[PDB]
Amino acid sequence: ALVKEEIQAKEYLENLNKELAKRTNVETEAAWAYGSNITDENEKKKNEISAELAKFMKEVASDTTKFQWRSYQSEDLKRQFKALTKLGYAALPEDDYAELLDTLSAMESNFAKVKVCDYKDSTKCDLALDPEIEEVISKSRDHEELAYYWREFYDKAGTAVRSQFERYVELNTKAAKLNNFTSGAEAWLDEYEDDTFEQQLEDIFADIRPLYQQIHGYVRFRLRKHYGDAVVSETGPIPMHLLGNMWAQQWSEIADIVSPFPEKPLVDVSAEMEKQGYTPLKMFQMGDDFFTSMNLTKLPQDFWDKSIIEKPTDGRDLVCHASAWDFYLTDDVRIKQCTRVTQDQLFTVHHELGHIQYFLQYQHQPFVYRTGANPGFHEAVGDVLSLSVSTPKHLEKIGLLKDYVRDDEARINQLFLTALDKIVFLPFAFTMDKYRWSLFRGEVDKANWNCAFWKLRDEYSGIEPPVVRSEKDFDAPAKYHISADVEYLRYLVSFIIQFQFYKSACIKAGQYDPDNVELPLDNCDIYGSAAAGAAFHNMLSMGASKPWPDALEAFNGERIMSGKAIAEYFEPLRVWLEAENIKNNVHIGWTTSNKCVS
């Protein structure tokens, strides 16, 4: 009967979890070796271990049907068994799984090996995205130079893998249906355990959208004064190569030319970092210090011994795109980052260390629970710290910001600077998955795949390519996450919920009072707050043991994803910016782009 079986099932799960952790450790090591050192030998090794683990998962999924798990009394045991039914790609027949793995590594390695020629010297053709091309995109204000690097990169990282991407969509769809989801869109959405999740995001996005339109309008106005009306039109989408980022996902690199008050200070601490002799090691030690100051977990010795925190100086190929790794043992956690000494990189260091902290907080959990409450939670942790490290308050403490007077106009500059990252990112993040959902669901014919991409980038972000594109190009995979098959909705969710976490953490730290002008949300520093740390410990140690609303409740008593906190943060900017656009008769909104020929 069921009473004896449930007792046996508990013993089965305890053993199986340990076995899965150990088998996944082996797969992860292989994936790490390939990511740090791209070779045909390492690819073969990585993909063969994965096929072996997939085969074992099939046996596991099959074995769950032998247990009457849906009949059990324990919610915890049922939740664990349910986790074990979720095969994903491992549901594919042996040969199809092997083909998908070959397709995925072909795309990620193509991206990682992209090299372009120097604009000024066609002899020098060893310029990688990280750091060479990104340096030019972020620093150059020569629109024809920017356009050149845009075209070269997108042609190599995007168009070159069209056929591979098509096969990936086919196999992703096949895998989803084998798991009885309609498509890979629904498979991705299952991670959020909420049948109204899409609508919830539409609703939140609609509330923030008008603020984005105002920022867009003002930035376009300021770019016209810089580049002139031949380069930037008043009424059209912004030419994306002028926004200081290869994908126009963040605009903070052009802050010096679009800032509300150019005679008042704009925080940019890169020069001081360099002056004070900062290194990648110091940046990571500072990040570690922040976490420990909050009474959270110190980085283990394995992290320092095994991480790769600087780009290797031999001729080898690797994935430089920053990442954090869990090896599912004890204290074996690693970062791989091609760290540069800049302000934005300091934020990225904290982002990645947020992942590491999460890994450490839930490593005592059974294997199936050793992941985020939802994917957005994992992305939010580090960004919460980054919000406080970016404050004038904190940057002055660590001696990176000198002779700073925090008047109303400096405050507006800082809010605007933050918005150029945080608000600008929202429509970007939404479109990355909206696009892939539409392909996964079979809503766009293959003949229209590229213009379907640029249509969304137009509709939501109001940006366009610097040159005319067509269905002869394929631009989506020029973004890492698209080439590497990493779901993007996590970042949209993160950018919303991180303000929920930040606001609550700041109240707990005594750093925010809505009725005290001395304690504004935009100058909150949670450094050294054990009270904020405690809330994180309560939430992060849970892992995926409970549905995400219970994890949020453990942090601050709330159970709902809400746009209230992000709106509250930027409210002073909104009021000012609305008035400023009216003062300057700034055109808001945009005409449909002519940059993608059907």
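Numbers follow the displayed sequence, beginning with 1.
Tell me which stretch, 39-47 or 534-542, has the higher mean Cα B-factor listed in the entry.
Comparing 534-542 with 39-47, the higher average CA B-factor belongs to 39-47.
Can you tell me whether 517-525 has a higher mean C-alpha B factor than 286-294 in this record, or the other way round?
The stretch with the larger average C-alpha B-factor is 517-525.
Can you tell me which of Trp150, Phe221, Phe367, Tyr512 has the maximum CA B-factor listed in the PDB entry?
If I rank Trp150, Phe221, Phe367, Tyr512 by C-alpha B-factor, first place goes to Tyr512.
Among the candidates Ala452, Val493, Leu178, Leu101, give the one with the maximum CA B-factor reported in the record.
Within the set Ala452, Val493, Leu178, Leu101, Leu101 shows the top C-alpha B-factor.
For the chain shown, is the CA B-factor of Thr313 in the lowest, middle or highest third of its modelled residues?
As the PDB entry reports it, the C-alpha B-factor of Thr313 lands in the highest third of its chain.
Mind checking which third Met273 falls in for C-alpha B-factor across the chain?
As the PDB entry reports it, the C-alpha B-factor of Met273 lands in the highest third of its chain.
Taking the chain's C-alpha temperature factors as the reference, tell me which third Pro465 falls into: lowest, middle or highest.
It falls in the bottom third of the chain.
For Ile497, return the chain-relative third of its C-alpha B-factor as stated in the PDB record: lowest, middle or highest.
Its C-alpha B-factor, which the entry lists for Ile497, ranks in the lowest third among residues of this chain.
Where does the C-alpha B-factor of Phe303 rank in its chain, lowest, middle or highest third?
Tercile = middle for this residue's CA B-factor.
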